[PDB]
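One chain follows as structure tokens, the form deposited in one PDB entry.
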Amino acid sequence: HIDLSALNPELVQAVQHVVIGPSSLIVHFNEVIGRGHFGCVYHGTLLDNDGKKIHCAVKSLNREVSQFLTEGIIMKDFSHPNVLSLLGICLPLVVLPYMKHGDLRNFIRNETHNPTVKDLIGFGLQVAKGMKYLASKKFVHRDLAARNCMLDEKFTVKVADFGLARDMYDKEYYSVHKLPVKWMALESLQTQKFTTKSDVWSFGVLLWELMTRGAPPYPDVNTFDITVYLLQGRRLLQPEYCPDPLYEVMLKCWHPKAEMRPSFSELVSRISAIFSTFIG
């Protein structure tokens, strides 16, 4: 039940645009397309206000209602081609655009697809643009990784796994202390505080993932021994196909001083330049 009085008065009129009527959504519970700690996701067919059939992914939270709605309201207002949108909430079901090619990590690990170095850098550029948008909205992601970005039918990469879509979709990479330690900035491992600058650290690791086509970072390090490993004066090595200036970008993302790491705007600029030097 929706109690409009419990909400922030400013946000009441935004409820009609976030709530999806149960008669407008068909969800196919016979086919699981993704698994999270909070719940499974399924295929869905959504009907528009006019009556157009759009394909969607419907996530369950199986495994405050006022708070849940405001979270959805804030997320719906986010609109960028490199950020996963919220279609709405159904009575609770989270309704998201269907991403045909799944998560970025699995996509680049797939033997049937063959992205070129240019393509891989382009995927990186797309993530940087999505994060530039999010950071301008003062939104800290906290869990940027290749596993947490998705691709649609046009191979458009979108920053996902945030707001109501947030979950652990690959439990292997989360350690109790439940943190994604191998994507975390030194200061975050120490304080558990996450910033846009710690998102920038995670982006550098994401770039390394792209250039290795989805290799696991720091395989021979065990969980929280990562802080010891890093403080020995170590960084992830330069992947074979990674251009030198792109590795220089990665090293900047992993600067020991958070305030010295590049903004996402600078990452878009630097990476767009490197991307432009390649053909095919």
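Counting begins at 1, following the sequence as shown. We call the rigid core the largest set of C-alpha positions that still match within 1.5 Å between the two forms.
One more form of this protein exists, namely the form deposited in another entry; it is left out here, but the text below deals with it.
The comparison between the shown form and the other one, aligned on the rigid core, picks out a single residue among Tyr218, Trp254, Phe38, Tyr247 whose CA moves by 2 Å or more, and that residue is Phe38. When the rigid core is held fixed, the Cα atom of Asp152 travels less than 2 angstroms between the shown form and the other one. Positional change of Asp170 between the shown form and the other one reaches 2 Å or more at the C-alpha, relative to the superposed core. Between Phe38 and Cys149, the Cα distance is smaller in that other deposited form than in this structure, by no less than 3 angstroms. Between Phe38 and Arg105, the C-alpha separation shrinks by 3 Å or more in that other deposited form, relative to the conformation displayed.
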